[PDB]
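Two separate entries follow, structure 1 and structure 2, each one form of the same protein chain as structure tokens.
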Structure 1
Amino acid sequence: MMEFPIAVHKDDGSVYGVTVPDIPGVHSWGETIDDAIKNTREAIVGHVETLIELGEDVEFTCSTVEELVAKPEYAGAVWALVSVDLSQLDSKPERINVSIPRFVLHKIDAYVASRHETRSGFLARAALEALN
């Protein structure tokens, strides 16, 4: 699960505006903060899916709120985190047959059992993670 920090600003007349520190160029908005979060999620997912559909490598780096919160350009922002999982990206994953040593599977099984994760989800995230 990836967590994108998003910076929410609001004034008296204008609506909620949102910027995405890890994706300059994305600017979203909402009549309420909940709508702004949801609209920013859609903009982030559409961005990532679009670059994939274009044939581009996409490198999944997320900043943390901790590291951005004291920066002046984010003074007075309301911080939120939008959760993006890889299932949220590809609608038609491919089922493949692979062999994994049992001592590795036992470590995967112990780990995913406490997190509502699967062998498949763990391996897909591990595959992506090793590629960076």
Structure 2
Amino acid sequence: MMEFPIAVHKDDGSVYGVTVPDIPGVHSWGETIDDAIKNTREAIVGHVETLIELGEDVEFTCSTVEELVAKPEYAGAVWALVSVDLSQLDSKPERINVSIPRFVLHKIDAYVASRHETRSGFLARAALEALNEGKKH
């Protein structure tokens, strides 16, 4: 849910070009492969931030290299994996009130203390995991 395969193309006289198939519309580039990977993460962040700002739906799948590698539009591409937490990209989140069982809350607080996460960050990530599972299983 936080890791996205990227497809890297390269022609004789071209730069490296990047497609992120799981987030529709995202593309990037680099002079070198290391630059292309670095740029791609910034392009994802910017694209999703723009969606959020415009109040558009942020729709994204989570694919493995293997399920993408054979598609004709990626023929001859090479692959890498970019890590972006999309749940951290809203600068104006909504404050809500929720009832959490005490035993659940104690487990959350213990888990996030070591990882320096917040309750809100934990819950948003967990919500996205559960919605992705609710789409297949």
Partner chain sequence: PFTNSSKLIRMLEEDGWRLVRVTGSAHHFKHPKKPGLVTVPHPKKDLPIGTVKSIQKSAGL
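Along the sequence of structure 1, residues get numbers from 1 upward. Think of the rigid core as the biggest set of C-alphas that the two forms share within 1.5 Å after superposition.
Here the chain appears twice, and structure 1 is the form solved without the partner chain. A movement of the C-alpha atom of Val15 falling short of 2 angstroms is seen between structure 1 and structure 2 when the two forms are aligned on their rigid core. Put the two forms on the same core and the Cα of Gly55 is off by 2 Å or more between structure 1 and structure 2. Here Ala75 does not count as shifted, since its C-alpha moves by less than 2 Å between structure 1 and structure 2 after the core is aligned.
Taking the core as the reference frame, the CA atom of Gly25 shifts 1.3 angstrom between structure 1 and structure 2. After superposition on the rigid core, the Cα atom of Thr64 is displaced by 0.9 Å between structure 1 and structure 2. On a core-based overlay, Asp109 has a Cα shift of 12.0 Å between structure 1 and structure 2.
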